[PDB]
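Undergrad: Below: one structure in structure tokens.
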Amino acid sequence: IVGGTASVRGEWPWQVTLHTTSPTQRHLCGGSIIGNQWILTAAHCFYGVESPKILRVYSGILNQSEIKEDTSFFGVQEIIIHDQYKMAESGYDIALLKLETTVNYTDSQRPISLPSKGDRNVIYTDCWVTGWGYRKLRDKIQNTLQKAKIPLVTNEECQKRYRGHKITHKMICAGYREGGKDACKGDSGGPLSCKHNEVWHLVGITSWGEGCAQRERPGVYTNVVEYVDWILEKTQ
Ligand SMILES: CC(C)c1cc(-c2ccc3c(c2)[C@H](N)CO3)cc([C@H](O)Cn2ccc3cccc(C(=O)O)c32)c1
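Numbered as in mature numbering (1 follows the signal peptide of the UniProt record, and there is no 0), the sequence shown ends at 605 without a single skipped number.
Below is the structure:
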């Protein structure tokens, strides 16, 4: 996260850190708890991942330094990548992880609702992107979970910023005209969470953009509302 601030314990309890364990253990991507055995994340995170055997999902983490050899985690039983996915920038950047066991919900780990049926035209004004990603192009994964409030940009405006790409209704964009706050490498797969009527909804999945926090280059997110039927079919 560029231009963010440190989160506190229990602030984003649906946020998880997805680690790989090979050839070293490191944070790969963010994700969001959406059910008792389900993480919603980005398909592009699984580049070069041979099978679910090397993954670990950690919930209830504030600081990456908290993760030691005795820290509890969930194994990943299955990786479900959207059948149309090929690359983040070409869309369908969505995946589900089915966990090996159920998440017991507490103040530090609980699900986030999907955008609700009937809310297709809601105007979200309180949206936040979170993660342990880079704060600049040549950085590293950050210790403390960062947050930044980012305004949504219309698809028509987003397309004008990305004339070389197809910005579709299956994408949603968020950024400041003058940049300064954005998601970046390692935030991918995590949530764009919007609070409406005092309830958080998972509106986007961090996916891609041109650089990080550049002026007139908003972040591009998977538009979760356009995949609710796909998610429900996979998690039913
Ligand atoms: C410019 C540069 C530093 C860079 C930037 C981004 C990036 C991420 C989010 C974001 C933006 C940019 C926009 N500012 C809005 O939100 C991503 C990357 C990643 O190499 C991509 N990647 C490709 C394969 C792979 C496998 C796992 C995780 C990631 C991963 O995305 O972390 C993988 C790089």
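Just so it is clear, CB atoms sit at the ideal spot from N, CA and C, and this is done for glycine as well.
Counting beta carbon pairs with one atom in the region 444 to 453 and one in the region 475 to 492, are three or more of them shorter than 8 Å?
TA: Judged by Cβ distances under 8 Å, the region 475 to 492 makes no contact with the region 444 to 453, as fewer than three pairs qualify.
Undergrad: Please give the ranges of any beta strand (DSSP E) in the region 410 to 493, keeping only runs that are unbroken, at least 3 residues long and fully inside the region.
TA: Listed in chain order, they are 424 to 427, 443 to 450, 464 to 468.
Undergrad: Taking 6 Å as the limit, tell me which residues put their C-beta closer than that to any heavy atom of ligand 1, in chain order.
TA: Counting every residue whose Cβ lies closer than 6 Å to a heavy atom of ligand 1, we get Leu397, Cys398, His413, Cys414, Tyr416, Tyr503, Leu506, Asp551, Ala552, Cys553, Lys554, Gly555, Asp556, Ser557, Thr575, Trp577, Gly578, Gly580, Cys581, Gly588.
Undergrad: Does DSSP put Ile600 in a helix, a strand or coil?
TA: Within the sequence shown, numbered from 1, the residue matching residue 600 stands at position 231. Correct three-state label for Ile600: helix.
Undergrad: Alpha carbon to alpha carbon, how far is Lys564 from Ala582?
TA: In the sequence shown, residue 564 corresponds to position 195, counting from 1. In the sequence shown, residue 582 corresponds to position 213, counting from 1. Straight-line Cα distance between these residues: approximately 22 Å.
Undergrad: For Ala517, which residues from the same chain have a beta carbon less than 7 Å from its beta carbon, with the 5 sequence-adjacent residues on both sides left out?
TA: If you number the sequence shown from 1, residue 517 lands on position 148. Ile370, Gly372, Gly373, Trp497, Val498, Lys550.
Undergrad: Rounded to whole angstroms, what's the CA-CA distance from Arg532 to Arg584? Just pull it up for me.
TA: Within the sequence shown, numbered from 1, the residue matching residue 532 stands at position 163. Within the sequence shown, numbered from 1, the residue matching residue 584 stands at position 215. Looking at the two C-alpha atoms, the distance is approximately 15 Å.
Undergrad: The beta strand (DSSP E) spanning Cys581 covers which residue range?
TA: By 1-based counting over the sequence shown, the position of residue 581 is 212. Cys581 -> no beta strand (DSSP E), and no H or E assigned at all.
Undergrad: Just how far apart, CA to CA, sit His396 and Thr575?
TA: Taking the sequence shown and counting its residues from 1, one reaches residue 396 at position 27. Taking the sequence shown and counting its residues from 1, one reaches residue 575 at position 206. For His396 and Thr575, the distance between alpha carbons rounds to 15 Å.
Undergrad: According to DSSP, what are the bridge partners of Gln515?
TA: Residue 515 sits at position 146 when you count from the first residue of the sequence shown. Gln515 pairs with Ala375, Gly500.
Undergrad: Assuming contact is defined by CB atoms lying nearer than 7 Å, are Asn432 and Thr513 in contact in what I supplied?
TA: If you number the sequence shown from 1, residue 432 lands on position 63. If you number the sequence shown from 1, residue 513 lands on position 144. A contact, by the Cβ cut-off of 7 Å.
Undergrad: Opposite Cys563 in the DSSP bridges: which residues?
TA: Taking the first residue of the sequence shown as position 1, residue 563 is located at position 194. For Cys563, which the question treats as bridged, DSSP gives the partners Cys496, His570.
Undergrad: Confirm, please, whether the CB-CB distance from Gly573 to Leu561 is below 7 Å.
TA: Along the sequence shown, read from residue 1 onward, the residue named residue 561 stands at position 192. Along the sequence shown, read from residue 1 onward, the residue named residue 573 stands at position 204. Yes, they are a contact pair.
Undergrad: Determine, using beta carbons only, whether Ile541 and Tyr596 come nearer to each other than 7 Å.
TA: The residue you call residue 541 lines up with position 172 of the sequence shown. The residue you call residue 596 lines up with position 227 of the sequence shown. No, these two residues do not count as a Cβ contact at 7 Å.
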